[PDB]
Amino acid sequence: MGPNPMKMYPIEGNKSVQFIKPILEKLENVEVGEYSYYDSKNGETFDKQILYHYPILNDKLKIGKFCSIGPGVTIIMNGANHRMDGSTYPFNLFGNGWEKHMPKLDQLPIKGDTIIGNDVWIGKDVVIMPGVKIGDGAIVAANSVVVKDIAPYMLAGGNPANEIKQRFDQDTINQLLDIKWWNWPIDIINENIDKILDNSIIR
């Protein structure tokens, strides 16, 4: 039947392998699919890897199901954005009168929501920058800095990350995107893991 997606540590006695959804459920403006996991670098929990995510800015983080998130991956939300229609210097931060120059919410750049799809593998130490969408089945190389969208079933890498090549032929990608195995009843997934693992699920 497989592991329990509501355990933060699905494997008894193992504090490195973590299910993301139950860890992040307390968080506003975050949605995470079942079974998506974090492979911890030093025992740290995955909530510590999500940076500058402030409810006031109303940006959303969404992660699909069956993702593999490598150790040290960080997700950067919009909270560190500076005002930039003029000086980026945050006079307001320093007070003694300068707090009158606090930016209005509509003066702060918002890059958008961050959306990671289903069955996505994010390599070790990748930085996901604000407003990025990563398509189902993508693979992001270790140490990438993702600043723009990545299409489904692409291998991508670098800083700035770029799409390197499609993982499979277009027909295969099309069929995978249509069938969406990640959305099947879990008992049906279980019956078909071998075929999900070798792509024969589309045959």
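If you superpose the two forms and keep the largest set of C-alpha atoms that fall within 1.5 Å, you have the rigid core. Start at 1 with the first residue shown and count on from there.
- Annotation: of the segments 101 to 109 and 121 to 129, 101 to 109 departs further from this form in 7 other deposited structures of this protein (C-alpha atoms, root mean square over structures and residues, core superposition).
- Comparing 140 to 148 with 39 to 47, the higher mean C-alpha B-factor in the PDB entry belongs to 39 to 47.
- Looking at 111 to 119 and 95 to 103 together, the entry lists the larger mean B-factor for 95 to 103, computed on C-alpha atoms.
- Per-chain ranking of the deposited C-alpha B factor places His53 in the middle third.
- Ranked within its chain, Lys165 lands in the middle third, by CA B factor from the PDB record.
- Sorting the modelled residues of the chain by their CA temperature factor places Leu177 in the middle third.
- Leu27 sits in the highest third of its chain by CA B factor, as recorded in the PDB entry.
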